[PDB]
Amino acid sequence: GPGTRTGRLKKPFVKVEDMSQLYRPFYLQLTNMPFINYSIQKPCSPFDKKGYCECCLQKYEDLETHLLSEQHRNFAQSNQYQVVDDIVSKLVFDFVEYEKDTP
C-alpha cells in the first residue's frame, strides 16, 4: 500500500502509460465512472494570479506585481519585440487618427 508504494489501484480506475516506459503513468480514480444520462434535459451535458513569465524565465505569484518588477520592465523596453515589429511593418494602417483633445 502507501507505505511500500506498491499495490493495486482501487477500482474503478483508468490507467495510461507510455509504451516506452519512460514516464510515470497517469491514473484516474472516481467513485463512479461516467454514465450517459439521457433523462437530463438538453442542452445539458449527458455527463452532468499565479503564472510563469516566458520573458523573465521566472515564476510569479501576482501578475500586476510582476509586470512592474525591474526585470520585467527591462525586458519590456528591450529590442526583443523586433520580431513583432517586423510583421507590423508589412501591415497597412488605414484608420483615421485624431489629434489629442484639448480644452
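Residue positions are given as counts along the sequence shown, with the first one as 1. Just so we're on the same page, rigid core means the largest C-alpha set that superposes within 1.5 Å between forms.
With each structure aligned by its rigid core, the stretch whose Cα atoms sit farther from this model in 6 other deposited structures of this protein, between 13-21 and 80-88, is 13-21. Comparing 38-46 with 53-61 in 6 other deposited structures of this protein, after superposition on the rigid core, the stretch with the greater RMS C-alpha deviation is 53-61. Going from residue 48 to residue 49, the model skips 10 or more deposited residues, which lack coordinates. Relative to one another, 31-39 and 59-67 have unequal mean CA B-factors, and 59-67 is the one with the higher figure. The stretch with the higher mean CA B factor, choosing between 17-25 and 82-90, is 82-90. Annotation for residue 44: CA B-factor lies in the lowest third of the chain's modelled residues.
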